[PDB]
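Because the Cβ atoms are built from the backbone with ideal geometry, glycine has one as well, and the counts that use them run over all protein chains shown. Any read-out appearing in this document is the output of simple, stated calculations on the displayed coordinates, not a laboratory observation.
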Amino acid sequence: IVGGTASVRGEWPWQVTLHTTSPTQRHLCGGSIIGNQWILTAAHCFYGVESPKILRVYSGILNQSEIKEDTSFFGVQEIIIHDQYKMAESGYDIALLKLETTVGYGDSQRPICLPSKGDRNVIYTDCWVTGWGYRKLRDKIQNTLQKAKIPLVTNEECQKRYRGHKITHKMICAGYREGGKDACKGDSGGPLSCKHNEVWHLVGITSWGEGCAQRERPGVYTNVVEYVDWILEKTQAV
Ligand SMILES: COC(=O)Nc1ccc2c(c1)NC(=O)CCc1nc(ccc1F)C[C@H](NC(=O)/C=C/c1cc(Cl)ccc1-n1cnnn1)c1nc-2c[nH]1
C-alpha cells in the first residue's frame, strides 16, 4: 500500500496473508475470508503454482512477524481459478481457495459480506484497500497490515486513464486523480472493502495498475458484484 497507515489489530478480520512455501516461505498475496472454508483472491497469484500443497493461509494476523514455524495456518485443499482467466489486465482475475479445515469465527477472524445484486446501483463513499505490499514500486513486503481510503472511479473515467486497455464492467477502479494512495506489489488478491449501512462489503479484489499510486492511473480491481453467481456456483456446489 502507497500512502497508507498502520491498521489496528482486528480492523480487517476478513484479511488474510497467503504464503508460499516454495522455494522458501514468503508472503504471496492477500485474500478475504468469505465462508468458513473459503478465501477469495486473485487468479494471477497462482502463476507457476503447480500444487495447493505449497500454500499456507494465515488469518488474524496484523504483523508478518507473528508468522513463525509454530504459527498455525490453514492448508489449501483446492485452487479454483475462473476458467475464463488469461491475465489480470483482461479481467476474470478471481480465484477461490477451498481450505482443508474450517475457520473458527471470532473477534480476530470473520467473513466479509459479498455485495448484493441490488447494490450494483449503490454509490460507495467509504472504501479501503488493505495489504502488506510495497509502499512504492521498488520496495519490500511491509510487516504491519496497511490501509488506505481511496475513492471509486467510474468505468468511463477509468477507461480514459487506460488508453490501449479495455476496462470492462467486470473491473472497478479506485484512486485519486493526483495519485498518492493505492495498492502496490504484494497487495493483490486482497480486498477493496466498502462500508455501507454500517456493513462492510467485498467490493473489489486488488488486481493491477500502471505503476503504484501514479497521477491519473487508478488501481484496477475485480468487480466482485459481477461474480457473485460464479462464487455461489463454486462454494454452494451440491
Ligand atoms: C518476501 O516476499 C515477497 O517479496 N513477496 C512478494 C513481493 C511481490 C509480489 C508478490 C510477493 N506476489 C506475487 O508475485 C504473486 C504472483 C504474481 N503477481 C503478479 C505478477 C506475477 C506473479 F507471478 C502481480 C502482483 N501485483 C500486485 O501485487 C499488485 C499490483 C497493483 C494493483 C493495483 Cl490495484 C494497483 C497497482 C499495482 N501495481 C502496479 N505495479 N505494481 N503494483 C505482484 N505481486 C508481487 C509482485 N507483483
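Stretch residue 70-residue 5 to full length: gain in nm at 0.36 nm per residue minus the Cα-Cα span?
Working: separation 65, 0.36 × 65 = 23.40 nm, distance 2.84 nm.
Net length gain for the segment: 20.6 nm.
In whole Å, what is the distance between the alpha-carbon centres of the range 70-97 and the range 106-167?
Computed from Cα coordinates, the inter-centre distance equals 17 Å.
Which distance in nm do the two modelled labels at residue 230 and residue 140 give, with both placed 7 Å along the Cα-to-Cβ direction?
So the label points at residue 230 and residue 140 sit 3.6 nm apart.
Mind sorting 182, 229 by how few other Cβ atoms lie within 10 Å of their own Cβ, fewest first?
With the fewest neighbours first, 182, 229 line up as 229, 182.
Contour minus end-to-end for residue 160 and residue 215, with contour as 0.36 nm per residue of separation and end-to-end as the Cα-Cα distance? Present the calculation step by step, with values, prior to reporting the outcome.
On the way: separation 55, 0.36 × 55 = 19.80 nm, distance 1.29 nm.
Result for the pair: 18.5 nm of gain on full extension.
Please tell me which of these pairs span more than 24 angstrom C-alpha to C-alpha: 86/234; 53/149; 147/234; 149/185; 147/195? Provide the component values of the computation, followed by the final result.
Working: 86/234 19 Å; 53/149 35 Å; 147/234 30 Å; 149/185 18 Å; 147/195 14 Å.
Beyond 24 Å: 53/149; 147/234.
What is the gain in length, in nm to one decimal, between residue 125 and residue 78 on full extension, counting 0.36 nm per residue of separation less the C-alpha to C-alpha distance? Don't jump to the answer; show the numbers that get you there.
On the way: separation 47, 0.36 × 47 = 16.92 nm, distance 3.49 nm.
Length gained between residue 125 and residue 78: 13.4 nm.
What spacing in nm lies between the two simple spin-label points modelled at residue 21 and residue 110, each 7 Å away from Cα in the Cβ direction?
The answer from the label model is 3.2 nm.
Taking θ as phi - 60°, what are the ³J(HN,Hα) couplings along the range 209-217 by the Karplus curve (6.51, -1.76, 1.60), each to the nearest whole Hz, with x for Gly and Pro?
Values per residue, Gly and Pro as x: x, 8, x, 10, 6, 7, 3, 6, 10 Hz.
For 141, 39, which order do you get if you count the other beta carbons within 10 Å of each Cβ and list the fewest first? Present the calculation step by step, with values, prior to reporting the outcome.
On the way: 141 16, 39 26.
Fewest to most other Cβ atoms nearby, the residues stand as 141, 39.
Please rank 210, 78, 69, 156, fewest neighbouring Cβ atoms within 10 Å first, as an exposure proxy.
Details: 210 15, 78 12, 69 5, 156 8.
Least to most surrounded, the residues fall as 69, 156, 78, 210.
Search the structure for amide H atoms under 5 Å from the amide H of residue 201, placed 1.01 Å from N in the peptide plane, and list their residues when 5 or more places away or on another chain.
Those qualifying (amide H under 5 Å, at least 5 residues apart or on another chain) are 194, 195, 196.
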